[PDB]
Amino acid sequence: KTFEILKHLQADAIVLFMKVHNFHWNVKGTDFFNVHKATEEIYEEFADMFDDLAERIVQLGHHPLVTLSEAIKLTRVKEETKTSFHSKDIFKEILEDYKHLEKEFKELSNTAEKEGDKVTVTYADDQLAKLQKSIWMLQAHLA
């Protein structure tokens, strides 16, 4: 079901919104400004992904998650409880979650195609493109 994948991805998106803010506030190192700036852009992307997933759910005639409580229940992303990081820790963690999201959007694309949902396929493949680009660049940071 396309709806089931979408709803779990919506949960992930708000959890990541929060996680990346953590990295944003609590990064240490001569690298601060770069990472602080980059994490800001990343959490804005998750805020947008969060809105988009929810509105696609609505367009499909279902209910998006509407509480942080549901988000916590439905997410596959582990919340980060540490409050201090250097650039390499942050980029490693975001990479791991991106790889998770990438597999989820591959499934989204495949599932929506089976169900003949052309619009969700287009959305999934577009997110896939953004994720695969970011994945490379993050891997490049860590090499």
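The first residue of the sequence shown is number 1, and the count goes up from there.
- Set 21-29 against 115-123 and average the Cα temperature factors; 115-123 ends up higher.
- Going by the entry's values, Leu108 shows the largest Cα B-factor out of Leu68, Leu108, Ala54, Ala47.
- In the deposited entry, the Cα temperature factor of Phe85 places it in the highest third of its chain's modelled residues.
- Residue-level temperature factors show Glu41 in the lowest third of its chain, judged at the C-alpha atom.
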